[PDB]
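**Q** Here it is: the structure, laid out below.
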Amino acid sequence: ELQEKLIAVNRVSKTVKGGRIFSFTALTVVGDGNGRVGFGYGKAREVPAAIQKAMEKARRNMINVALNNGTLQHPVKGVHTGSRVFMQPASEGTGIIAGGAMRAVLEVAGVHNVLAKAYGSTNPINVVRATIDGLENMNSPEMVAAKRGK
RNA sequence: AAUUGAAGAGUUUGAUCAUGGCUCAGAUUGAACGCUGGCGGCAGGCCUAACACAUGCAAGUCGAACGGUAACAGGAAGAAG
Ligand SMILES: [Mg+2]
Ligand SMILES: [Mg+2]
Ligand SMILES: [Mg+2]
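Those letters in the first sequence? Residues -10 to 139, by our numbering.
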């Protein structure tokens, strides 16, 4: 149950006396399938180097999120830089409908049946990230009782 | 049981993030045109000039309201084919 997938691979340019020196960047997401998900970025002069150098970063850099069986407990909003993301429980019929790129984090995460949309820029590096922190801030469908009960 | 349902992509930059317009995937149509074209079922068919219109047809019916016979039908004292 490794389960991983890269979301966006891109090229960039550095520019020096001798001209442009190009490079690449991968952005990836690994999840266990039962909560626990992280993303990694990582960049390198050539693509395979970078997509791999990324996968690892994600293995570390990994949060975990309090699911509720196949779905989220309540609805949540996430918002990093220019991306404002919103995703919702959805008493699954099928579900998992969302902006491929946050479908990525959502399935490896293990959510099985949510609807989402991304507002603002769909800049991958900031959505997959806005959603993570999104799922992250999410909270205990029980241990709000922790907070209260008391 | 009976609205229990939401995706994003391309494009300013050497490159970047943002701002932002343009653009695309969708569905829908009383449609036209180019190419092509076998059959059926249900449907639709002047969106323009409330422009103008030849011709037929689109409102008649009742003799159980009435005087009635001109048509075609029988029939009639009776005049006969
Ligand atoms: Mg970093
Ligand atoms: Mg260019
Ligand atoms: Mg033809």
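Beta carbons: idealized from backbone N, C-alpha and C, even for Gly.
Starting from residue -1, follow the beta strand (DSSP E) in both directions and report where the run begins and ends.
**A** Per DSSP, residue -1 belongs to the beta strand (DSSP E) from -7 to 2.
**Q** Could you tell me the distance, in whole angstroms, from the CA atom of residue 139 to the CA atom of residue 66?
**A** Going by the C-alpha atoms only, they are around 27 Å apart.
**Q** Let me confirm a value: residue 1 is counted as buried when at least 16 other C-beta atoms fall within 10 Å, else exposed. Which label applies?
**A** Exposed, since its Cβ has fewer than 16 Cβ neighbours within 10 Å.
**Q** Return the chain-ordered list of same chain residues with a C-beta closer than 6 Å to the C-beta of residue 101, the five sequence neighbours on each side being excluded.
**A** Cβ within range, chain order: 59.
**Q** Flag this pair as yes or no: are the beta carbons of residue 22 and residue 46 separated by less than 8 Å?
**A** Taking 8 Å as the Cβ cut-off, residue 22 and residue 46 do not qualify as a contacting pair.
**Q** Quick check on DSSP: helix, strand or coil for residue 124?
**A** Helix at residue 124.
**Q** Quick check: what's the CA-CA separation for residue 129 versus residue 39?
**A** Cα to Cα, the separation comes out at about 36 Å.
**Q** Round the Cβ separation of residue 90 and residue 113 to the nearest angstrom and send it over; I've been treating them as touching at under 8 Å.
**A** 5 Å between Cβ atoms; contact.
**Q** Under 8 Å by Cβ, that's how I've got residue 85 and residue 28 pegged, so tell me the actual separation to the nearest angstrom.
**A** Not a contact, Cβ separation roughly 18 Å.
**Q** Assuming contact is defined by CB atoms lying nearer than 8 Å, are residue 62 and residue 19 in contact in what I supplied?
**A** No, the pair does not count as a contact, with Cβ atoms beyond the cut-off.
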